[PDB]
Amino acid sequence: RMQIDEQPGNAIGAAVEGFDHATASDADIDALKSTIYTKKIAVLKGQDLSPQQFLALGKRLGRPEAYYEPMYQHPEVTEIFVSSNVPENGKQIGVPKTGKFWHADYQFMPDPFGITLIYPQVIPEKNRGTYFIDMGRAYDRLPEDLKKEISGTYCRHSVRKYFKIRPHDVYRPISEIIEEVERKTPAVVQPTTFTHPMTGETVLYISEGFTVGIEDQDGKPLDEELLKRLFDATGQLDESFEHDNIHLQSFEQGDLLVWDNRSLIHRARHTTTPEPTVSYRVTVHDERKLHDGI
């Protein structure tokens, strides 16, 4: 019964009714994926799933990868990444209020996955949602001088700013954790732009949260002001979130968000209050790498 209702023209997003991951056909999945690659966000409606069913759904779209730090993992389905501030039997499950910064998922890793799935569990009614920027479209809207300046350049991405302290880190000297992070997840180099392997779009692959430097073709660093100007032009420095590149995606119970993790950067919008909020995440590799240079 799957019906895809794409937003008109250039507007981002699509709504998907009648989707049952257990009965959807191969053609259903291919159509769904194609909507993800061209409309960037697919909101599956009326999803009422167990953790095992959410994983099964992600497995229809590609190969799931479990987040590399175990404290994020759901206790029954290790492939599920949990953002939660609601204890269960008094125990912290997952990590509170993940993602409160512009990023693409796994951008700081050598081999980022193409598709992110979010299944919200507990949703505040007030100021909850996810901000998105389409960095393909943000590239196209760059001034021509900036496009020329970044041609041929490379960016370095690192988790070093937003790596979250883990329970066993208590009482350790902070430099030991800083060095461990650099050792286990060293900064990764990507071309500043790449060609989206599904659509052919040019994507400006940077985020304020993870992108820490930009450099010329030899790997010689450039003034970080160049990075700051790219963040500013693309809307990532606008603390009011009114910039034209920014799309605010809300969601209601039963929604399941699936989105293009090559093209989009995003940032969790949370309440300014201690209100319960829980989301489950599955992240999958599709039929191609992030770009064909991987």
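From 1 onward, residues are counted along the sequence shown. C-alpha atoms forming the largest set that superposes within 1.5 Å between two forms make up the rigid core.
Across the superposed structures in 6 other deposited structures of this protein, aligned by the core, the stretch whose Cα atoms lie more distant on average is 81-89, chosen from 81-89 and 184-192. After superposing on the rigid core, the larger RMS C-alpha deviation in 6 other deposited structures of this protein belongs to 266-274, the other candidate being whichever of 279-287 and 266-274 remains. Legend: mean Cα B-factor per stretch from the PDB entry, 179-187 versus 136-144; the higher mean is in 136-144. When the two stretches 238-246 and 261-269 are set side by side, the higher mean Cα temperature factor goes to 238-246. When the C-alpha B factors of 223, 169, 76, 105 are read from the deposited coordinates, the top value falls at 76. Residue 231 sits in the lowest third of its chain by CA B factor, as recorded in the PDB entry. In the deposited entry, the Cα temperature factor of residue 209 sits in the bottom third of values across the chain's modelled residues. Residue 282 sits in the lowest third of its chain by CA B factor, as recorded in the PDB entry.
When all modelled residues of the chain are sorted by CA temperature factor, residue 112 is found within the middle third. In the deposited entry, the Cα temperature factor of residue 48 places it in the highest third of its chain's modelled residues.
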